[PDB]
Amino acid sequence: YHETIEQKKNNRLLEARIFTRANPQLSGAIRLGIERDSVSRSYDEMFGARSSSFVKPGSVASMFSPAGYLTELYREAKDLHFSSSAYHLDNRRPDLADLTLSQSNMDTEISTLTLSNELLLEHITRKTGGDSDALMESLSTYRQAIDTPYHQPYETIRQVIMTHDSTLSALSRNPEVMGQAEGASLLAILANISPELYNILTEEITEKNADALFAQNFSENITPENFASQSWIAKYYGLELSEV
Amino acid sequence: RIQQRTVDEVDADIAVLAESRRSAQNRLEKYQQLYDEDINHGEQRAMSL
Amino acid sequence: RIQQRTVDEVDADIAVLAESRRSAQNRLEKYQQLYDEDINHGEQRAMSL
Amino acid sequence: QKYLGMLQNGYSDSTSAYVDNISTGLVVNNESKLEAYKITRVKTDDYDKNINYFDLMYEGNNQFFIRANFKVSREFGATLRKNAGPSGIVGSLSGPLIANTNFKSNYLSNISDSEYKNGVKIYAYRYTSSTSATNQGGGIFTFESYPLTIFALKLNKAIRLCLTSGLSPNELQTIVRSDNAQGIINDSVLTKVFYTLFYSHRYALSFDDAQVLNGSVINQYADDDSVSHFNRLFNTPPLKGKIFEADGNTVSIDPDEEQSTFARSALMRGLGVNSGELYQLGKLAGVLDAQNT
Amino acid sequence: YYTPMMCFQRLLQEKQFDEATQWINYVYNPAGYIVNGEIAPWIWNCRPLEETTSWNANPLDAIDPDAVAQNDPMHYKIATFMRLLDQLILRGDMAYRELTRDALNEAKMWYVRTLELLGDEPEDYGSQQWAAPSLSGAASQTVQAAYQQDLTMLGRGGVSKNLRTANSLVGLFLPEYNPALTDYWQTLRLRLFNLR
Amino acid sequence: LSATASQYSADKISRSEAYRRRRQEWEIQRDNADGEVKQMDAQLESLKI
Amino acid sequence: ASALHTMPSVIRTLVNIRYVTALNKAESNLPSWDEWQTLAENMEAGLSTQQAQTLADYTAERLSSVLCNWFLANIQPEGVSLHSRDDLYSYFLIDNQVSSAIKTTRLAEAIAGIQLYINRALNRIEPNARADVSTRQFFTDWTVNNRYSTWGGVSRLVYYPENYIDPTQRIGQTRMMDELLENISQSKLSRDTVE
Amino acid sequence: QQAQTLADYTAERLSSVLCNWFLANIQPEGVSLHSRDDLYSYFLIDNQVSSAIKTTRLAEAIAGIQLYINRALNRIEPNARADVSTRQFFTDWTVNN
């Protein structure tokens, strides 16, 4: 172990020694007191023009760049878990191994929400075997969650209308066109109510169809006895204990 | 003509404000340089002595 | 006549500004002389002592 | 590099070859002549997702493709040229197409020397399953080739004009392309440049807007750190997908049409008009066709 | 070396530029040194720098820039040169802030001398020839071990069987310029632009 | 004797640093006065308009 | 139509969407999925660039919440129990609860994710971490390798030590050199004083 | 005023044109000069300055000779006579410059 460490240190020193003399910035009135070593010539004859390929700081190709830092971090943390474990880095994030270390990746601005959404979408469509559009259509009618159903075109329309005319002043001042709209439709305009959420809210509940409605409205791993605990209700609906 | 002169007067007021802000910014940079430097090497040397 | 008096008032304001600038220039000269002189011979003598 | 792109001088294997142009001097191998060429690329929809680079390489009388991918797929890809037409196939990339790996494509064939100037060499119909394929992006490629002395003379003209007038190399290129195919500079081009500068000074317009006003088409060239004028008009931000001129199909702008088209909606949003105003513009410009398309 | 450098640094901090120049000329002088009424043949007046005598065999045992420069006294040459450039730039700025015509001419003289000592600044060379690898490709232990074995063999011998390293097998990062020197060049460019 | 010498040297360095900080505060005052003079020179143009 | 920046056909289409409980009465009249998409495109066509960007931000936030809830309710990894948005954050190494306003780059986000993973693995928060791997030199010097700035400083010290050389202080400085520095630590330095 | 502005613009344009012509057509005995800065260091007068900055003939000659002396003493211009560069005037160059 000690000999390995010392060899690593020696190689680092040698690389620094070569690059210091190869630096083009010292060319240069200081160049008069600079000599080309035999090891410098051997390094040039082996690696070509590597010793003279100095890059400006801020480029992705630099050894002290965020790309170099990420390479070190990944190289050392790749083996922090066994490949059997689900906590393995390449098991939880398989895109890291194929991430490209390019200048566009290093400089181009993007939103963390965009990146997280693309990651989640990749995982969901890997699970379901379908497309993103198929996933959106399925989410439009999915009921067994609290943030669903998610009707994306409906929500886009609602947001566009809310942007153009909040408080519905224009619709209020034009009673001829406001009278042709249903009350529930105007409620869908004023508050987030998808067609599927409306169906959920207005479906009648009888004793005969109570069990079928429960199976349709709740996940399979949820039983009516789960509603006997208030903490479970708070966790499921995302409420506080006081709110529940 | 008189109203155009009034516009020129408010422009001159803007110039006065520009000079005032230049002075304030100089003060800001001076005091930031004092604050970031803190205890200099001479004072540290005296305390160690 | 009243408008002529208004012109005289703004002239008096110009004179007030002249006095203010005289005071500011005196301060500037005093502080420049203090800054350029820096450490005087008595203080240098004491430090050498 | 704005004028010349990246010179082919034997770089590493991948390295890309576009900044966003490529050029080099190549001695033709069917005779004893030494020519110089230049290929310019306009990136095509869904290129920033997938595809590290998609380069068109020229070898003297025939061209091939060099491709790298963002994501790993176990199947192949077909480089088409048409919208999945029967005669759209121009080449193939044999997989498995792993990411960050160079792939050459078999000397593209089904493209003519006439369409090699302003002709889309690209359709990355890449297979994600045994029966599913998708358009993973690409670009429209324009190829020019001259003898070296003629190339130098044309470069002299272009550089002197750009230096003296302040126009960008791509803006001048678009101006000369909208005036003739040979990209020559004459009284018409100089008059268009004058009107570009005059409109820019007068209406406080950008050079792209003044260039469109002078009689030129919307500029689609991007400078590898900026956004093209067409993209700034129509895709910032996209509605949900990318509207591109690399469509060539007919869209109906009749306001009275049920179940309108995404192309019509994107065109309306880019122009800042409604359906009736778009119909008025179509009638006024006379670009209307049968069935109000 | 260490005592004249410290004296120069203190005089420069107190703005005694002529005395600082005298004290730094004991180590380095761009105009040479007068020995026996003639210009001496050596470039650096400090003999250990002129001969590049290493006197530290274990520099990386701790994070210590002076220990590194003792292992490789070339960095001492670079440090002395940069100190001299700093002195010239301070002289030029001090002349500039006086606003007289003679003061501006003196400032131009100091800036031109600094530029002529620095030389012409280089361009970016290896950025566009770099092939961007994958994260796993860059972190490849095989690539790292190949480079380290080449370095280990180079540290003793120099065997270059199949000399060229077949550039396509490079996933390594490239050396980077010195931000301090680029800062010097940027400052000089700005000052000369303003003066002109 | 070593302790006494250290105390004398520390006192000398402390006085030197006090003088330096005092000069810095004088420089700030000089800058403030210069800014005031410039601001009054602009107010004069406003007043004559 | 002018108020909604659209046309009366689109207004009529919006009005014709009726919620009538879908039985217990005659019926309800709702568009198909493709008709909904067409209506959404038509309605979104009337916005400017700023409003389109605001709408895109809102859509990104809503989709983030919906997708996180769907993942929590339908997908469980190999041997990991995750019950919340923060669990999803610590598992996927990227924050799904951020706003659409904050921006980043791909490499920066990858760096942050790997840093979070390393911190969680080293501090024994995630089980079964290989203790032999956690004793390398990188994780031993993790006090300076956990941030890009400190890592860059300690890495550049080997290659450009001249940027950190201080002529007035140095490890290994002699007592007489310290005495000389104290002797010339005044502010008015003459040539005779230095001599 | 407009005539003076026009004369200043003409002077700047002529300076650039004449420098380019000299670079492209004339090369001295054994000096290779490739830039406006090379022309500056050779002819001992700055051709890249604006028309706003003014001077006198003696001041400009003094500045030119000072630049030449600096370049000769610091071994930037080759073949400088080392015996001449050891005179008292150049030995005291820290106060004579």
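What follows is calculated from the coordinates using simple rules that are stated; it is not laboratory data. Note that each Cβ is placed from the backbone with ideal geometry, even for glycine, and that neighbours are counted across all protein chains shown.
Note on chain A: with a GNM built from Cα contacts shorter than 10 Å, the maximum mean-square fluctuation among A:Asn117, A:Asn11, A:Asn221 falls on A:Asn11. Each listed q (0.07 Å⁻¹) maps to a log10 I(q)/I(0) for the protein assembly as shown from the Debye sum over equal C-alpha point scatterers, namely -1.02.
With a simple spin-label model that places each label point 7 Å from the Cα along the Cα-to-Cβ direction, the separation between G:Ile184 and G:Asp57 comes to 5.8 nm.
Using the count of nearby Cβ atoms within 10 Å as a rough guide to exposure, how do D:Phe76, E:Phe8 rank from fewest to most?
Numbers: D:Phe76 16, E:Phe8 26.
Exposure proxy ranking, most exposed first: D:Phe76, E:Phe8.
Add +1 for every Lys or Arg and -1 for every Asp or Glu among the other residues with Cβ under 14 Å from the Cβ of G:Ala3, and state the total. Walk me through the numbers before you get to the answer.
Working: positive: A:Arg173; negative: A:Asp165, A:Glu176.
So the surrounding residues net to -1.
In the elastic network of chain E, a GNM with C-alpha springs shorter than 10 Å, the most mobile of E:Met153, E:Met82, E:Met94 is E:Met153.
What does the helix-only formula give at 222 nm for the protein assembly as shown: each DSSP H stretch with n ≥ 4 adding -39500 (n - 2.57), the total divided by the residues, and the result rounded to the nearest 500 deg cm²/dmol? Please report the intermediate quantities before stating the final value.
Numbers: 50 runs with 615 residues, N = 1172.
So the calculated ellipticity at 222 nm is -16500 deg cm²/dmol.
Normalising the Debye intensity of chain E to I(0), with uniform scatterers on Cα atoms only, and taking log10 at q = 0.15 Å⁻¹ returns -1.11.
If the viscosity is 1.567 mPa s and the temperature 4 °C, what translational diffusion coefficient in µm²/s does Stokes-Einstein give for chain D when Rh comes from Kirkwood over Cα pairs? List each step's numbers first, then the result.
Details: Rh = 21.0 Å.
For these conditions, the coefficient is 62 µm²/s.
Figure legend: label point modelled 7 angstrom from the Cα of B:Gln4 along Cα→Cβ; no residues of segment F:25-49 have amide N under 12 Å from it.
Computed from the C-beta positions of D:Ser92 and E:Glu123, the FRET efficiency with R₀ = 41 Å rounds to 0.50.
Size of segment A:22-67: Rg and Dmax of its alpha carbons, in Å, are 12.8, 35. Equivalent-ellipsoid semi-axes for segment A:110-155 (Cα gyration tensor, √(5λ), whole Å, largest first): 18, 14, 10.
Ranking G:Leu4, E:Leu85, B:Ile39 by how far each Cα lies toward the positive end of the dipole of the protein assembly as shown (charges on Cβ) leaves E:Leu85 at the top. So, in Å, what gap is there between the alpha-carbon centers of segment A:61-102 and segment B:12-49? About 45 Å separates the Cα centre of segment A:61-102 from the one of segment B:12-49.
Please give the charge dipole size of chain E, origin at the Cα centre, charges +1 on K and R Cβ atoms and -1 on D and E Cβ atoms. Round to the nearest 20 debye. Intermediate values should be presented prior to the final figure.
Working: 16 positive and 23 negative charges, 57 e Å.
That gives a dipole near 280 debye.
Once you wrap a convex hull around the alpha carbon atoms of segment D:1-157, what is its projected area averaged over all directions, in nm²? So the Cα hull casts an average projection of 9.7 nm².
Give the percent of DSSP beta bridges with both residues in the protein assembly as shown that are antiparallel, rounded to the nearest 5. Provide the component values of the computation, followed by the final result.
Numbers: 46 of 50 bridges.
About 90 percent, rounded to the nearest 5.
Taking only the alpha carbons of chain A, we obtain Rg and Dmax values of 31.4, 99 Å in that order. Within straight-line reach of G:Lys188, meaning a Cα separation under 21 Å, sit the following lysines at least 8 residues removed in sequence or on another chain: E:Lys15, F:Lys12. In chain F, the longest principal axis of the Cα atoms and the axis of helix F:2-48 are about 0 degrees apart. About its Cα centre, chain H has a charge dipole of approximately 100 debye under the convention of +1 per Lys or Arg Cβ and -1 per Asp or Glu Cβ, with nothing else charged. Note on segment A:72-149: the alpha carbon radius of gyration divided by the globular reference 2.2 N^0.38 Å gives 1.41.
The GluC sites (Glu not before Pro) of segment A:89-135 meeting both criteria, a DSSP state outside H, G, I, E and B (loop) and at most 15 other C-beta atoms within 10 angstrom of the site's C-beta, are A:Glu109.
From the alpha carbon centroid of segment D:178-240 to that of segment E:38-91 is 56 Å.
Taking 45 Å as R0, compute the FRET efficiency from the Cβ-Cβ separation of G:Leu116 and D:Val27 and round it to 0.05.
Once rounded, the FRET efficiency stands at 0.20.
Applying the Kirkwood pairwise sum to the alpha-carbon positions of segment D:52-143 produces a hydrodynamic radius of 13.2 angstrom.
Long hydrophobic helices in chain D, taken as whole DSSP H segments with a C-alpha length of 24 Å or more on their own axis and mean Kyte-Doolittle hydropathy at least 0.5: D:148-165.
Let me know the shape class of segment E:19-98, please: from the alpha-carbon gyration tensor, a ≥ b ≥ c as square roots of the eigenvalues, rounded when a/c is under 1.5, otherwise prolate if a/b is greater than b/c, or oblate.
Numbers: a/c = 3.72, a/b = 1.31, b/c = 2.83.
Oblate, because a/c is 1.5 or more while a/b does not exceed b/c.
Taken over segment E:94-147, the ratio of Cα radius of gyration to 2.2 N^0.38 Å equals 2.35.
Report, please, the projected area of chain G averaged over directions, based on the convex hull of its C-alpha atoms, in nm². Could you put the intermediate results ahead of the total?
Numbers: hull surface 100.5 nm².
Mean projected area of the Cα convex hull: 25.1 nm².
With semi-axes defined as the square roots of five times the eigenvalues of the C-alpha gyration tensor, the equivalent ellipsoid of segment E:90-196 measures 47, 16, 11 Å, largest first. Compute the signed sum of charges (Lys and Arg +1, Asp and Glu -1) over the other residues within less than 12 Å, Cβ to Cβ, of E:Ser54. Taking every Cβ under 12 Å from that of E:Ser54, the sum is -1. Specify whether the C-alpha gyration tensor of chain H places it in the rounded, prolate or oblate class, a ≥ b ≥ c being the square roots of the eigenvalues: rounded for a/c under 1.5, otherwise prolate if a/b is larger than b/c and oblate if not. Oblate shape, in that a/c is at least 1.5 and b/c is the bigger or equal ratio. When a/c reaches 1.5 or more, the comparison of a/b and b/c decides; with that in mind, is segment D:230-293 rounded, prolate or oblate per its Cα gyration tensor? Taking the square roots of the gyration eigenvalues as a ≥ b ≥ c, segment D:230-293 is prolate.
Diffusion of segment G:75-135 by Stokes-Einstein, at 37 °C in a medium of 0.692 mPa s and with Rh set to the Kirkwood radius over alpha-carbon pairs, works out to 250 µm²/s. Mean-square fluctuations from a GNM of chain G, with a 10 angstrom spring cutoff on Cα atoms, peak among G:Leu14, G:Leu181, G:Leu157 at G:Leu181.
For the residue pairs A:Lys127/D:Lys43; D:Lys82/D:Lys242; D:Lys82/G:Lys103, the alpha carbons lie more than 27 Å apart in A:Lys127/D:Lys43; D:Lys82/G:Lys103. Here the translational diffusion coefficient of chain B follows from Stokes-Einstein with Rh set to the Kirkwood radius across Cα pairs; for 37 °C and 0.692 mPa s it amounts to 229 µm²/s.
Each of E:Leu154, D:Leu288 was scored by other Cβ atoms within 10 Å of its Cβ. Listed from fewest to most, they are D:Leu288, E:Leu154.
Please compare each pair in D:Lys117/D:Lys283; D:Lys2/D:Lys157; C:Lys30/F:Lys38; D:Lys2/D:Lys71; A:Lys56/E:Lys161 to a cut-off of 21 Å on the Cα-Cα distance and tell me which ones are over it.
Numbers: D:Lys117/D:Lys283 31 Å; D:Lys2/D:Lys157 15 Å; C:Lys30/F:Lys38 17 Å; D:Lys2/D:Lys71 30 Å; A:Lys56/E:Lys161 32 Å.
Too far apart for the 21 Å limit: D:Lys117/D:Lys283; D:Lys2/D:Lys71; A:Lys56/E:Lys161.
Legend: calculated FRET efficiency, D:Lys283 to A:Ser169, from the Cβ-Cβ distance at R0 = 41 Å, rounded to 0.05, equals 0.75.
Among D:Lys43, D:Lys192, a tally of other beta-carbon atoms within 10 Å of each Cβ gives an order, fewest to most, of D:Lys192, D:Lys43.
At q = 0.14, 0.17, 0.18, 0.21 Å⁻¹ the log10 of I(q)/I(0) for segment D:176-259 amounts to -0.67, -0.89, -0.96, -1.10, computed by Debye summation with a single uniform scatterer per C-alpha, solvent ignored.
Here segment D:143-270 is treated with +1 on each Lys and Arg Cβ and -1 on each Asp and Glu Cβ, and its dipole about the Cα centre works out to around 440 debye.
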